[PDB]
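Listing of structure21.txt, compact mmCIF, C-alpha atoms and all ligand atoms
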# COMPACT_ATOMS: atom_id res chain seq x y z
CA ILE A 735 -1.19 -25.39 -16.16
CA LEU A 736 -2.82 -25.82 -19.61
CA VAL A 737 -1.90 -22.14 -20.37
CA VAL A 738 1.69 -21.82 -19.07
CA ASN A 739 2.85 -25.19 -20.58
CA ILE A 740 1.60 -24.29 -24.14
CA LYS A 741 2.55 -21.29 -26.38
CA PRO A 742 -0.63 -19.11 -26.74
CA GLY A 743 -2.18 -19.35 -30.23
CA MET A 744 -0.80 -22.87 -30.96
CA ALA A 745 -3.55 -25.47 -31.42
CA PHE A 746 -3.44 -28.42 -29.01
CA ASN A 747 -4.98 -31.86 -28.43
CA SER A 748 -4.40 -34.76 -25.99
CA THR A 749 -2.22 -36.07 -28.86
CA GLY A 750 0.15 -33.05 -28.32
CA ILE A 751 0.95 -29.38 -29.14
CA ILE A 752 0.81 -28.45 -32.88
CA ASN A 753 4.07 -26.57 -33.70
CA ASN A 766 3.47 -32.67 -22.28
CA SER A 767 0.83 -35.20 -23.61
CA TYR A 768 -0.25 -36.74 -20.26
CA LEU A 769 -0.26 -33.27 -18.58
CA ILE A 770 -2.31 -31.77 -21.40
CA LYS A 771 -4.76 -34.75 -21.49
CA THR A 772 -5.28 -34.77 -17.69
CA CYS A 773 -5.60 -30.95 -17.37
CA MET A 774 -8.09 -30.88 -20.26
CA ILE A 775 -10.05 -33.76 -18.64
CA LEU A 776 -10.03 -31.88 -15.27
CA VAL A 777 -11.25 -28.64 -16.97
CA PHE A 778 -13.97 -30.55 -18.91
CA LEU A 779 -15.18 -32.42 -15.78
CA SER A 780 -15.00 -29.15 -13.73
CA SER A 781 -17.13 -27.50 -16.47
CA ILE A 782 -19.80 -30.25 -16.61
CA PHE A 783 -19.75 -30.44 -12.68
CA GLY A 784 -20.18 -26.59 -12.81
CA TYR A 785 -23.26 -26.92 -15.03
CA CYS A 786 -24.64 -29.62 -12.63
CA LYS A 787 -23.89 -27.52 -9.45
CA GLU A 788 -25.59 -24.65 -11.32
CA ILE A 803 -22.72 -10.91 -10.53
CA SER A 804 -21.46 -14.20 -8.90
CA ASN A 805 -24.05 -16.35 -10.78
CA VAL A 806 -23.07 -14.69 -14.14
CA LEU A 807 -19.29 -15.21 -13.73
CA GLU A 808 -19.85 -19.00 -13.14
CA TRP A 809 -21.89 -19.21 -16.43
CA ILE A 810 -19.03 -17.45 -18.36
CA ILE A 811 -16.32 -19.72 -16.86
CA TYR A 812 -18.12 -23.03 -17.55
CA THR A 813 -19.55 -22.15 -21.03
CA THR A 814 -16.17 -20.72 -22.21
CA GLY A 815 -13.91 -23.25 -20.39
CA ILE A 816 -15.56 -25.99 -22.52
CA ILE A 817 -14.47 -24.33 -25.82
CA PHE A 818 -10.78 -23.94 -24.73
CA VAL A 819 -10.71 -27.76 -24.23
CA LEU A 820 -13.23 -28.60 -27.05
CA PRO A 821 -10.42 -29.89 -29.44
CA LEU A 822 -10.35 -33.21 -27.43
CA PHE A 823 -13.67 -33.93 -29.29
CA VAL A 824 -14.40 -31.30 -32.09
CA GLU A 825 -11.52 -29.62 -34.02
CA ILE A 826 -11.91 -25.80 -33.64
CA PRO A 827 -9.69 -23.06 -35.19
CA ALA A 828 -6.65 -22.26 -32.95
CA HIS A 829 -7.99 -18.65 -32.79
CA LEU A 830 -11.26 -19.72 -31.11
CA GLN A 831 -9.42 -22.24 -28.99
CA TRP A 832 -7.35 -19.40 -27.47
CA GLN A 833 -9.91 -16.54 -27.67
CA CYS A 834 -12.16 -18.58 -25.42
CA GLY A 835 -9.06 -19.50 -23.34
CA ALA A 836 -8.16 -15.78 -22.87
CA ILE A 837 -11.71 -15.06 -21.54
CA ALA A 838 -11.98 -18.25 -19.43
CA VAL A 839 -8.55 -17.87 -17.71
CA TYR A 840 -9.28 -14.22 -16.93
CA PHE A 841 -12.68 -14.95 -15.32
CA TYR A 842 -11.44 -18.05 -13.44
CA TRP A 843 -9.08 -15.82 -11.38
CA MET A 844 -11.48 -12.83 -11.08
CA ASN A 845 -14.22 -15.15 -9.72
CA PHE A 846 -11.64 -16.70 -7.31
CA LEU A 847 -11.88 -13.35 -5.43
CA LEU A 848 -15.54 -14.32 -4.59
CA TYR A 849 -14.25 -17.46 -2.80
CA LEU A 850 -11.70 -15.32 -0.85
CA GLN A 851 -14.63 -13.29 0.68
CA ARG A 852 -15.11 -16.32 3.06
CA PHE A 853 -11.83 -15.65 4.97
CA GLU A 854 -11.86 -12.91 7.69
CA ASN A 855 -8.50 -11.41 6.54
CA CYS A 856 -9.66 -11.11 2.87
CA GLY A 857 -13.42 -10.37 2.91
CA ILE A 858 -13.17 -6.73 4.07
CA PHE A 859 -10.74 -5.85 1.21
CA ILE A 860 -13.02 -7.54 -1.35
CA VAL A 861 -16.07 -5.69 0.13
CA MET A 862 -14.10 -2.41 -0.25
CA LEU A 863 -13.13 -3.49 -3.83
CA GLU A 864 -16.80 -4.25 -4.76
CA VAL A 865 -18.09 -0.97 -3.08
CA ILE A 866 -15.60 1.25 -4.97
CA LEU A 867 -16.25 -0.70 -8.26
CA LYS A 868 -20.07 -0.23 -7.88
CA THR A 869 -19.47 3.48 -7.15
CA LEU A 870 -17.35 4.00 -10.29
CA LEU A 871 -19.87 1.97 -12.42
CA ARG A 872 -22.76 4.20 -11.11
CA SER A 873 -20.64 7.31 -11.78
CA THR A 874 -19.41 6.48 -15.32
CA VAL A 875 -22.90 6.89 -16.90
CA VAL A 876 -22.25 10.66 -16.46
CA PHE A 877 -18.52 10.70 -17.25
CA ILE A 878 -18.74 8.72 -20.52
CA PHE A 879 -20.23 11.97 -21.96
CA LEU A 880 -17.39 14.02 -20.40
CA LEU A 881 -14.86 11.80 -22.29
CA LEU A 882 -17.03 11.66 -25.47
CA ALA A 883 -16.84 15.50 -25.69
CA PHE A 884 -13.01 15.52 -25.54
CA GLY A 885 -12.76 12.38 -27.78
CA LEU A 886 -14.94 13.87 -30.57
CA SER A 887 -13.09 17.21 -30.07
CA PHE A 888 -9.54 15.74 -30.49
CA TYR A 889 -10.84 13.67 -33.45
CA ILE A 890 -11.30 17.07 -35.24
CA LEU A 891 -8.28 18.96 -33.82
CA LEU A 892 -5.72 16.10 -34.21
CA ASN A 893 -7.27 14.09 -37.13
CA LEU A 894 -4.00 13.78 -39.12
CA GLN A 895 -2.28 11.82 -36.25
CA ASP A 896 -2.47 7.98 -35.87
CA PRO A 897 -3.68 7.98 -32.25
CA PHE A 898 -6.82 9.89 -33.43
CA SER A 899 -7.38 8.41 -36.98
CA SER A 900 -10.97 7.31 -36.08
CA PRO A 901 -13.56 8.46 -33.48
CA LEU A 902 -13.44 5.20 -31.43
CA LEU A 903 -9.59 5.24 -31.38
CA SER A 904 -9.81 8.91 -30.26
CA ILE A 905 -12.18 7.99 -27.39
CA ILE A 906 -9.79 5.18 -26.26
CA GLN A 907 -6.85 7.63 -26.53
CA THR A 908 -8.71 10.13 -24.29
CA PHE A 909 -9.58 7.35 -21.82
CA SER A 910 -5.83 6.44 -21.72
CA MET A 911 -4.95 10.12 -21.13
CA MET A 912 -7.10 10.12 -17.90
CA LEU A 913 -4.14 8.45 -16.09
CA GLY A 914 -2.07 11.64 -16.83
CA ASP A 915 0.05 10.27 -19.73
CA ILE A 916 -0.94 13.08 -22.17
CA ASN A 917 1.75 12.25 -24.82
CA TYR A 918 2.19 16.09 -24.82
CA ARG A 919 5.70 16.00 -26.42
CA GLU A 920 4.71 13.38 -29.11
CA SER A 921 1.22 14.74 -30.11
CA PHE A 922 1.18 18.56 -29.65
CA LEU A 923 4.64 20.16 -29.44
CA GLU A 924 6.60 17.99 -31.94
CA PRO A 925 3.76 18.39 -34.56
CA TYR A 926 3.50 22.17 -33.82
CA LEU A 927 7.27 22.73 -34.32
CA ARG A 928 6.80 21.09 -37.80
CA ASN A 929 3.53 22.95 -38.72
CA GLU A 930 1.59 19.59 -38.68
CA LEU A 931 -1.27 20.87 -36.42
CA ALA A 932 -4.20 22.09 -38.57
CA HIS A 933 -5.69 24.22 -35.75
CA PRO A 934 -2.66 25.27 -33.68
CA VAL A 935 -4.03 27.72 -30.98
CA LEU A 936 -7.33 25.87 -30.50
CA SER A 937 -5.48 22.51 -30.08
CA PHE A 938 -3.21 23.72 -27.23
CA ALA A 939 -6.19 25.55 -25.66
CA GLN A 940 -8.10 22.19 -25.60
CA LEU A 941 -5.03 20.35 -24.15
CA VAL A 942 -4.79 22.66 -21.11
CA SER A 943 -8.59 22.38 -20.54
CA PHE A 944 -8.51 18.53 -20.95
CA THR A 945 -5.61 18.46 -18.43
CA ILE A 946 -7.82 20.47 -16.00
CA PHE A 947 -11.11 18.55 -16.47
CA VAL A 948 -9.95 14.89 -16.76
CA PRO A 949 -6.42 14.08 -15.29
CA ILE A 950 -7.03 16.61 -12.43
CA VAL A 951 -10.79 17.21 -11.76
CA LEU A 952 -12.29 13.80 -12.77
CA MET A 953 -9.44 11.72 -11.24
CA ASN A 954 -9.52 13.74 -7.96
CA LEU A 955 -13.36 13.35 -7.85
CA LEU A 956 -12.87 9.54 -8.07
CA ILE A 957 -10.17 9.70 -5.31
CA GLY A 958 -12.65 11.89 -3.32
CA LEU A 959 -15.48 9.30 -3.68
CA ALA A 960 -13.13 6.33 -3.08
CA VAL A 961 -11.60 7.87 0.10
CA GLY A 962 -15.06 8.93 1.38
CA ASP A 963 -16.70 5.50 0.83
CA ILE A 964 -13.79 3.32 2.13
CA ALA A 965 -13.75 5.47 5.30
CA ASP A 966 -17.45 4.48 5.72
CA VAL A 967 -16.71 0.73 5.21
CA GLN A 968 -13.87 1.15 7.79
CA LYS A 969 -16.40 2.77 10.18
CA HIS A 970 -17.89 -0.85 11.00
CA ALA A 971 -15.28 -3.13 9.32
CA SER A 972 -14.68 -4.70 12.77
CA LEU A 973 -18.43 -5.58 12.96
CA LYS A 974 -18.62 -6.51 9.22
CA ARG A 975 -15.96 -9.29 9.62
CA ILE A 976 -18.06 -10.98 12.32
CA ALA A 977 -21.37 -10.36 10.51
CA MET A 978 -19.93 -12.14 7.42
CA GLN A 979 -18.67 -15.06 9.59
CA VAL A 980 -22.00 -15.60 11.42
CA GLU A 981 -23.92 -15.35 8.10
CA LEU A 982 -21.51 -17.92 6.56
CA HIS A 983 -21.78 -20.38 9.50
CA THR A 984 -25.58 -19.97 9.85
CA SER A 985 -26.13 -20.62 6.11
CA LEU A 986 -24.13 -23.85 6.55
CA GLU A 987 -26.07 -24.66 9.79
CA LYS A 988 -29.34 -24.34 7.75
CA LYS A 989 -27.97 -26.71 5.02
CA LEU A 990 -26.07 -29.41 7.00
CA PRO A 991 -28.15 -32.40 8.30
CA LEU A 992 -29.37 -32.23 11.94
CA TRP A 993 -27.56 -35.43 13.07
CA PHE A 994 -24.20 -34.00 11.88
CA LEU A 995 -24.65 -30.80 13.94
CA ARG A 996 -25.47 -33.00 17.01
CA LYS A 997 -22.35 -35.19 16.41
CA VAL A 998 -20.04 -32.18 15.75
CA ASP A 999 -21.16 -29.39 18.14
CA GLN A 1000 -19.53 -29.98 21.67
CA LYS A 1001 -21.32 -27.60 24.28
CA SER A 1002 -17.97 -26.32 25.66
CA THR A 1003 -14.19 -26.06 24.88
CA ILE A 1004 -10.91 -25.58 26.85
CA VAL A 1005 -7.96 -23.30 25.86
CA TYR A 1006 -4.33 -23.43 27.15
CA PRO A 1007 -2.82 -19.90 26.54
CA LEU B 850 15.39 7.04 13.45
CA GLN B 851 12.18 5.81 15.25
CA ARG B 852 13.90 6.86 18.56
CA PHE B 853 14.00 10.62 17.64
CA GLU B 854 10.99 12.83 18.58
CA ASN B 855 10.51 14.41 15.10
CA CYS B 856 11.15 11.22 13.01
CA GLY B 857 9.34 8.38 14.81
CA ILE B 858 5.75 9.29 13.86
CA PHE B 859 6.56 9.15 10.10
CA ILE B 860 8.12 5.69 10.54
CA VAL B 861 5.06 4.57 12.61
CA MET B 862 2.92 5.81 9.66
CA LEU B 863 5.30 3.98 7.21
CA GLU B 864 4.88 0.78 9.34
CA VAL B 865 1.03 1.09 9.48
CA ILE B 866 0.58 1.76 5.71
CA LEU B 867 3.15 -0.97 4.71
CA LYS B 868 1.39 -3.60 6.94
CA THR B 869 -1.97 -2.49 5.45
CA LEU B 870 -0.75 -2.95 1.84
CA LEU B 871 0.88 -6.34 2.74
CA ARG B 872 -2.44 -7.60 4.32
CA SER B 873 -4.26 -6.43 1.15
CA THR B 874 -1.73 -8.02 -1.22
CA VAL B 875 -2.87 -11.64 -0.47
CA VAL B 876 -6.27 -10.63 -2.13
CA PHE B 877 -4.84 -8.48 -5.03
CA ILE B 878 -2.09 -10.95 -6.21
CA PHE B 879 -5.05 -12.87 -7.88
CA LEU B 880 -6.41 -9.61 -9.35
CA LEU B 881 -3.07 -9.01 -11.18
CA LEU B 882 -2.67 -12.74 -12.07
CA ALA B 883 -6.03 -12.54 -13.93
CA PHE B 884 -4.85 -9.63 -16.12
CA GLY B 885 -1.26 -11.03 -16.41
CA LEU B 886 -2.38 -14.46 -17.69
CA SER B 887 -5.01 -12.65 -19.87
CA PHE B 888 -2.48 -10.30 -21.61
CA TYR B 889 -0.07 -13.26 -21.96
CA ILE B 890 -2.68 -14.70 -24.41
CA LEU B 891 -3.94 -11.45 -26.01
CA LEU B 892 -0.49 -9.86 -26.66
CA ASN B 893 1.82 -12.94 -26.72
CA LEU B 894 3.76 -11.84 -29.79
CA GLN B 895 5.03 -8.66 -28.04
CA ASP B 896 8.32 -8.63 -26.05
CA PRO B 897 6.76 -7.26 -22.84
CA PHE B 898 4.48 -10.38 -22.71
CA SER B 899 6.86 -13.14 -24.10
CA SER B 900 6.55 -15.23 -20.87
CA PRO B 901 3.90 -15.42 -18.09
CA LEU B 902 6.22 -14.04 -15.35
CA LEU B 903 7.26 -11.10 -17.61
CA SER B 904 3.56 -10.42 -18.29
CA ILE B 905 2.73 -10.38 -14.53
CA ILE B 906 5.59 -7.89 -13.88
CA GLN B 907 4.39 -5.83 -16.87
CA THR B 908 0.84 -5.68 -15.39
CA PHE B 909 2.30 -4.77 -11.97
CA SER B 910 4.28 -1.90 -13.62
CA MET B 911 1.07 -0.78 -15.40
CA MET B 912 -0.68 -0.20 -11.98
CA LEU B 913 1.15 3.18 -11.77
CA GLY B 914 -0.86 4.33 -14.87
CA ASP B 915 1.96 3.98 -17.48
CA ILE B 916 -0.15 1.65 -19.71
CA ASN B 917 2.19 1.90 -22.79
CA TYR B 918 -1.10 2.28 -24.82
CA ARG B 919 0.36 3.56 -28.14
CA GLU B 920 3.42 1.31 -27.87
CA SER B 921 1.50 -1.99 -27.21
CA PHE B 922 -2.10 -1.59 -28.53
CA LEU B 923 -2.59 1.20 -31.09
CA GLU B 924 0.70 1.04 -33.06
CA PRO B 925 0.43 -2.82 -33.37
CA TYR B 926 -3.28 -2.48 -34.34
CA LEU B 927 -2.51 0.05 -37.12
CA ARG B 928 -0.10 -2.66 -38.53
CA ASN B 929 -2.41 -5.72 -38.05
CA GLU B 930 -0.03 -7.32 -35.44
CA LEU B 931 -2.77 -7.93 -32.78
CA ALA B 932 -4.14 -11.50 -32.97
CA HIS B 933 -7.35 -10.61 -31.08
CA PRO B 934 -7.89 -6.92 -31.89
CA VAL B 935 -11.40 -6.21 -30.41
CA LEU B 936 -10.91 -8.46 -27.33
CA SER B 937 -7.45 -6.89 -26.62
CA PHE B 938 -8.71 -3.26 -26.63
CA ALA B 939 -11.79 -4.30 -24.60
CA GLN B 940 -9.45 -5.80 -21.92
CA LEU B 941 -7.28 -2.62 -21.88
CA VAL B 942 -10.23 -0.39 -20.85
CA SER B 943 -11.15 -3.09 -18.28
CA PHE B 944 -7.60 -3.21 -16.78
CA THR B 945 -7.61 0.62 -16.40
CA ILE B 946 -11.06 0.62 -14.67
CA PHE B 947 -10.09 -2.29 -12.29
CA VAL B 948 -6.32 -1.63 -11.57
CA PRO B 949 -4.93 1.99 -12.28
CA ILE B 950 -8.32 3.62 -11.25
CA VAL B 951 -10.08 1.27 -8.71
CA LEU B 952 -7.14 -0.58 -7.04
CA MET B 953 -4.93 2.54 -6.71
CA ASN B 954 -7.84 4.65 -5.35
CA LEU B 955 -8.64 1.81 -2.87
CA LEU B 956 -5.03 2.09 -1.61
CA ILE B 957 -5.32 5.92 -1.35
CA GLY B 958 -8.59 5.18 0.58
CA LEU B 959 -6.79 2.86 3.08
CA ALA B 960 -3.71 5.14 3.27
CA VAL B 961 -5.78 8.29 4.05
CA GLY B 962 -7.98 6.39 6.48
CA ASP B 963 -4.98 4.87 8.53
CA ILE B 964 -2.72 8.00 8.70
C1 LIG A 1101 -20.38 21.44 -17.89
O1 LIG A 1101 -19.53 22.06 -18.85
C2 LIG A 1101 -18.77 23.13 -18.47
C3 LIG A 1101 -18.72 23.67 -17.18
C4 LIG A 1101 -17.89 24.75 -16.92
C5 LIG A 1101 -17.09 25.27 -17.93
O2 LIG A 1101 -16.22 26.30 -17.77
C6 LIG A 1101 -15.12 26.10 -16.90
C7 LIG A 1101 -17.14 24.73 -19.21
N1 LIG A 1101 -16.22 25.24 -20.16
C8 LIG A 1101 -15.16 24.55 -20.63
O3 LIG A 1101 -14.87 23.43 -20.26
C9 LIG A 1101 -14.34 25.25 -21.63
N2 LIG A 1101 -14.38 26.59 -21.83
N3 LIG A 1101 -13.37 26.93 -22.60
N4 LIG A 1101 -12.69 25.81 -22.88
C10 LIG A 1101 -11.55 25.88 -23.79
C11 LIG A 1101 -11.89 25.31 -25.14
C12 LIG A 1101 -13.14 24.82 -25.48
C13 LIG A 1101 -13.36 24.20 -26.70
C14 LIG A 1101 -12.31 24.03 -27.55
BR1 LIG A 1101 -12.53 22.90 -29.05
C15 LIG A 1101 -11.07 24.55 -27.29
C16 LIG A 1101 -10.90 25.19 -26.09
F1 LIG A 1101 -9.71 25.74 -25.83
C17 LIG A 1101 -13.25 24.74 -22.29
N5 LIG A 1101 -12.73 23.51 -22.32
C18 LIG A 1101 -17.99 23.66 -19.48
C1 LIG A 1102 -14.90 -9.78 -8.98
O1 LIG A 1102 -14.91 -9.83 -10.40
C2 LIG A 1102 -15.78 -9.01 -11.09
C3 LIG A 1102 -16.66 -8.10 -10.51
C4 LIG A 1102 -17.48 -7.33 -11.32
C5 LIG A 1102 -17.39 -7.43 -12.70
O2 LIG A 1102 -18.10 -6.69 -13.60
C6 LIG A 1102 -18.79 -5.53 -13.14
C7 LIG A 1102 -16.50 -8.33 -13.28
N1 LIG A 1102 -16.39 -8.32 -14.68
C8 LIG A 1102 -15.31 -7.87 -15.36
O3 LIG A 1102 -14.30 -7.47 -14.82
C9 LIG A 1102 -15.45 -7.84 -16.82
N2 LIG A 1102 -16.62 -8.03 -17.49
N3 LIG A 1102 -16.41 -7.84 -18.77
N4 LIG A 1102 -15.11 -7.51 -18.92
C10 LIG A 1102 -14.60 -7.25 -20.26
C11 LIG A 1102 -13.66 -8.33 -20.74
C12 LIG A 1102 -13.41 -9.49 -20.02
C13 LIG A 1102 -12.48 -10.41 -20.46
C14 LIG A 1102 -11.77 -10.14 -21.58
BR1 LIG A 1102 -10.35 -11.30 -22.06
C15 LIG A 1102 -11.99 -9.03 -22.34
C16 LIG A 1102 -12.95 -8.16 -21.90
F1 LIG A 1102 -13.25 -7.10 -22.67
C17 LIG A 1102 -14.48 -7.49 -17.73
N5 LIG A 1102 -13.21 -7.14 -17.57
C18 LIG A 1102 -15.71 -9.14 -12.46
Please go through the file and, once you have read it, give me the structure as structure tokens.
Amino acid sequence: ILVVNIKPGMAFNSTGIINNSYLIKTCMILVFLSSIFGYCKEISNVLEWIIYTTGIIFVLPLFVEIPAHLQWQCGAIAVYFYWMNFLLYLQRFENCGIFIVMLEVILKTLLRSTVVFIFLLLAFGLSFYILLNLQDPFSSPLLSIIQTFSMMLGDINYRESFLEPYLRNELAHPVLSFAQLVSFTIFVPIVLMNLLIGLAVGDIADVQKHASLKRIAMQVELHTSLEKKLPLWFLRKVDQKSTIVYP
Amino acid sequence: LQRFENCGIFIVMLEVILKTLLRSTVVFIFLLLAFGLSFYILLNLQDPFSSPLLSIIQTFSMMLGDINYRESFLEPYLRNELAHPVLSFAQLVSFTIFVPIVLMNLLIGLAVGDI
């Protein structure tokens, strides 16, 4: 609410938006209380530290004036992680938890895999930094590595960065540059991406092998962790020994 | 067409994969809302992200791997028009790892598995 009712990058206070006062004051108070409650109640454990520590600084103006850049740099981080870490609450519903298990299993697999394939992209990134140096997408080695990482999705920019330069004699190394473009297209948009589809299809088919057990295992582990934590008199008040159904 | 011998199985497969994506969408609407509200801050002064609903549609269109990288990150950066330059690029690699690569391959995983 405190995002979508304020233009990003404008400073704000309870006293208003610098060019909704009750809304802004109450949403800031709720975020500040939710942050301090968070610290009291305190990768799941890491995300909660990021949200509370950063969610303070987005709402810090109510007490200490902070540059509008920090107010909304912290806000960009906090708002992102608030919704990402909401997925870890959705694991506690039967119709959501299996998808979020599949999403964590494929993420872990890609994060284990990318220690190898950073060097695969570093080779092409340092290579196109030489071959294409006089072009803005590749002006610097880090920009060239990001450009190569963007090309993994199959958007090569082939007409804008090879052929249009070549038909103007702007490519310093013309035959070597095309020869590297065909071999990049083979290794990265085809071979690496199909290896990640191969892993992802293989591993999700193994989660789906017991998914129907895994739902119920997650439910019993949820309920039993609550049954360990709730007070014994409450379980005795709440737990009837039998129930009727009327189909 | 479901009542013809040589059509009905494809429409049964269309039904199974559509239901599977719709059951998954309740979880992944919050995955795109994270990036959509994030890029609404990081790239607010660009027309694709002028409003939070436009930024969520833009992120949804980016799932197909058309990131608009030169048009919305690099060409602005080489003119100093990015308010948060380091944080904005760092979120662009993260979006690609979590949405065009992971989320789309998770759907190919489900789709292959069900057919
Ligand atoms: C593990 O590494 C392996 C494994 C199997 C391999 O062979 C298929 C290779 N070789 C190549 O990838 C390669 N061979 N030729 N080219 C063309 C070329 C190279 C440098 C420049 Br600059 C411009 C060019 F046109 C390549 N990209 C490497
Ligand atoms: C379920 O949620 C999970 C599960 C596993 C996770 O990590 C392995 C995470 N973490 C991230 O996605 C993340 N961590 N760092 N960054 C970089 C970054 C963040 C915000 C901004 Br704004 C700019 C940035 F560069 C991310 N995108 C969340």
Sort by chain and increasing residue number a table of all residues of chain B within 7 Å of ligand LIG 1102 (chain A), each with its closest pair of atoms and their distance in Å to one decimal, counting all atoms listed in the file, and write it as a tab-separated table.
residue	atom	partner	partner_atom	distance
B:887	CA	A:LIG1102	BR1	5.9
B:936	CA	A:LIG1102	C15	5.1
B:937	CA	A:LIG1102	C15	6.6
B:939	CA	A:LIG1102	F1	3.7
B:940	CA	A:LIG1102	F1	4.1
B:943	CA	A:LIG1102	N5	4.6
B:944	CA	A:LIG1102	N5	6.9
Within 6 Å of chain A: residues of chain B, using all atoms listed in the file, as a VMD selection string: chain B and resid 883 887 890 914 954 958 962
Selection above as a file: C-alpha atoms, as a PDB file, in the coordinates of the input:
ATOM      1  CA  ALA B 883      -6.030 -12.540 -13.930  1.00  0.00           C
ATOM      2  CA  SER B 887      -5.010 -12.650 -19.870  1.00  0.00           C
ATOM      3  CA  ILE B 890      -2.680 -14.700 -24.410  1.00  0.00           C
ATOM      4  CA  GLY B 914      -0.860   4.330 -14.870  1.00  0.00           C
ATOM      5  CA  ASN B 954      -7.840   4.650  -5.350  1.00  0.00           C
ATOM      6  CA  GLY B 958      -8.590   5.180   0.580  1.00  0.00           C
ATOM      7  CA  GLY B 962      -7.980   6.390   6.480  1.00  0.00           C
TER       8      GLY B 962
END
Residues within 6 Å of ligand LIG 1101 (chain A), counting all atoms listed in the file, as a ChimeraX atom specification: /A:887,936,939-940,943
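Reported to one decimal place, the separation of CA of residue 920 in chain B from CA of residue 899 in chain B is 15.3 Å.
With all atoms listed in the file as the atoms that count, the minimum distance from residue 735 in chain A to the choices A:893, A:772, A:874, A:1002 is reached by A:772.
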